[PDB]
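So the structure is just underneath, and the comments pick up after that.
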Amino acid sequence: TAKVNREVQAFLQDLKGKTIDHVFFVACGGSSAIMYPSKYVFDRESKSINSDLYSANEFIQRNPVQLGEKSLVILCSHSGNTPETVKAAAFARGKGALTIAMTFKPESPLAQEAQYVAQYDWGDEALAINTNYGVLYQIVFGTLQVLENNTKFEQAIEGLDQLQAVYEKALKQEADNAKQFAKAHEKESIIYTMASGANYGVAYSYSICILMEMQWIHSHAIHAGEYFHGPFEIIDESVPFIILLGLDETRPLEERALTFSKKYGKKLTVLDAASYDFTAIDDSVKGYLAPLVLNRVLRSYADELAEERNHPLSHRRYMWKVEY
Amino acid sequence: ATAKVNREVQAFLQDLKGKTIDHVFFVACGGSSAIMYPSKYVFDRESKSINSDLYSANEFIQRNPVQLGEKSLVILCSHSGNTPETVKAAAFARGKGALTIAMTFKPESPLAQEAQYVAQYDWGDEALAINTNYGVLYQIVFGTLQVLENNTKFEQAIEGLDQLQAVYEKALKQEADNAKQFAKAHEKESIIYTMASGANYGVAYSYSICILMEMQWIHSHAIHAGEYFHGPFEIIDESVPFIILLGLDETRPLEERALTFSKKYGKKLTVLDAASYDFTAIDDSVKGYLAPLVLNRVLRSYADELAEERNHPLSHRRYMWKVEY
């Protein structure tokens, strides 16, 4: 509790005794992607709360009939300006839902619309527990503890605190691999990603944000289960695949996908969480935290790629530049 | 209405009456999972009391939702009825006390053996919309909502499905030249994106993973029309092919916004707009739920032309049914 963001603590204190039967994870792009692990956590842990995840404008237009006074809507926007997420917060609040927004900017429009606001840390100095993923888990595990007496909160928070060391060790261990990846993918026009379970949003974000948005590299995040029902026909020794293996219950799906890809593919970039040091993380939560480490490592891969391709990650031709 | 419902589906609905169900799980793999996306949209817009979730079959088993149990309904689909993950998912759900209904083209299959209820569907050139996999799925879905929640759209859904075959015919005729043009224009394109939102997203997903990747070895990715403006749109330029679907559901504005942008910065666009088809015999209450079926049928004609132009039969595979995996 002492490690929990003070705004999240206030939210959790107010949440006690409330009747909530549905949680909606609502954001756009990268901010939506960071919520996939939380939907996995709810699916594995929540006995009485329905969980759904939608892109912000999808949420508004789909207008779930179950959205109302017994709903909790968790929103996220880095800048706090993403118009669809701002509108989603107002829409949910107008329906009587309890709303909490996460942002890097506290005076933003999203902050102004949401009932509760939690800021996260960002940049080279940010510690895992205080990052967007860290704060989202404080809210998620906290909610489950307050509303269902879920017993994993302490281990989730202690795990997050210990996760910064895991990040730093993982990053050092993968430095040469990140450089090799950049060298090997300098001129590849398409790079697929693949993962399952709690790790699927990490692959999705890498595909839509790092590769498409920030590198203009074609991508597609293939779900490791779905792979064997169509997509796998695309692989050959020239098709690059980034394959993620986590520590959650779905790891067998990723293992199966990897085994096949090693046989018929060749240009494989494998990030396996089992190769990192989770000895200080409780077994009850290491599957839920592995995506955070995988995501952090991927960032170092992105940095090397950007440098090697002379395409800065901040470069855009449309976002913030034209009307849309 | 009820007279047009598959007899097996009618028996299931009869038995469903009075049961307490608080959660529906849509479980299948690949193309069979994609056909369930519209049903998830229907549940989101119509069900006041039933939680709906959708997963690929092996994800369902491994994720092992804690809310899966005696008050769950699990709807599964497998064409051959042999898909091992779907077969195991049926057994898994049934073992947890869930009510299970499997759709398949083969009633003597392992999936049919595991599922408590079995509903077959028709397939091929002679199959009418109402009797196809999408048709039977909606009989189950709207039927379930009518039986458990007194949902009022059942009659209009069933009548709409019956009238939808005529929509397919007119739409196919109207799109025949476009299908040929698409094939000629995409003969040598290595990557082709698809894009849609709401109840139409599974149609795009299936086209990407099944028609393009699986059956043509063409790279693809189904972009959600809302998500597009938060990263993926940076990829478009005049040389990137995009297939864009515009439906008739509440999310059409997302599709319209995406198209508008794509027309300004892209060029190789293949646009299928459900508003250009004839839904005059379909009730307004269900047009948005039925449009994806029509979009899907038209896309199949595009696939047929493409396969011919590329001399790559849709039945061709290098791994599926040929190697161990």
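Which chain is which? The protein sequence lines are D and Z, in order. Residues in the first sequence are numbered consecutively from 1, following the working numbering. Residues in the second sequence are numbered consecutively from 1, following the working numbering. Ideal Cβ placement from N, Cα and C applies to all residues, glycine included.
- The stretch 201 to 212 of chain D makes no contact with the stretch 143 to 163 of chain D; the number of CB pairs closer than 8 Å stays below 3.
- Here D/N310 carries a coil assignment [DSSP, helix/strand/coil].
- The Cβ-Cβ distance between Z/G231 and D/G29 falls below 8 Å.
- Among the residues of chain D, those whose CB is under 9 Å from the CB of Z/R45 are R62, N63, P64 and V65, following chain order.
- Secondary structure at Z/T152: coil, using DSSP grouped into helix, strand and coil.
- Secondary structure note for Z/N200: it is in no alpha helix (DSSP H), with a DSSP letter that is neither H nor E.
- Put simply, the CB of Z/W217 is near chain D, with a gap under 8 Å to one of its CB atoms.
- One finds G230 in chain D with Cβ atoms closer than 7 Å to the Cβ of Z/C210, taken in chain order.
- A Cβ-Cβ separation of about 6 Å places Z/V9 in contact with Z/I140 under the 8 Å criterion.
- D/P252 reaches chain Z at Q62, counting residues in chain order whose Cβ is nearer than 7 Å.
- Fully enclosed beta strand (DSSP E) runs of no fewer than 3 residues occupy 50 to 55 and 71 to 77 of the stretch 38 to 85 of chain D, in order along the chain.
- Taking 8 Å as the CB threshold, Z/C29 lines the interface with chain D.
- Counting along the chain, D/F278 sits inside no beta strand (DSSP E), nor does DSSP assign it H or E at all.
- Between D/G225 and chain Z, the shortest Cβ-Cβ separation is below 8 Å.
- Interface flag for D/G96 against chain Z is unset, since no Cβ pair is found closer than 8 Å.
- Excluding its 5 nearest sequence neighbours in each direction, D/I157 has C-beta neighbours in its own chain below 6 Å: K3, listed in chain order.
- Selection Z/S33, Z/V203 and Z/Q146 evaluated against Z/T2 yields Z/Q146 as nearest (Cα-Cα).
- Ranked by how close their Cα comes to the Cα of Z/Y117, the residues Z/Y134, Z/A129, Z/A98 and Z/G124 have Z/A98 in first place.
- Contact between Z/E59 and D/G225 holds: CB atoms are separated by about 5 Å, below the 8 Å threshold.
- As the crow flies, the alpha-carbon of Z/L314 is around 19 Å from that of Z/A222.
- Among the residues facing chain Z, D/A88 is not included, as its CB has no counterpart in that chain under 8 Å away.
- Of all residues in the stretch 284 to 301 of chain Z, none has a C-beta nearer than 7 Å to a C-beta of chain D.
- With 16 or more other CB atoms across the displayed protein chains lying within 10 angstroms of its CB, D/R251 is buried.
- Annotation for D/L15: the continuous alpha helix (DSSP H) segment containing it runs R6 to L15.
- Between Z/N64 and the set D/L53, D/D43, D/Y54 and D/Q66, the nearest pair of CA atoms involves D/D43.
- From the listed residues Z/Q67, Z/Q62 and Z/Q113, the smallest Cα separation to Z/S52 is found for Z/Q67.
- Put simply, the stretch 74 to 83 of chain D touches the stretch 100 to 116 of chain D. At least three CB pairs are less than 8 Å apart.
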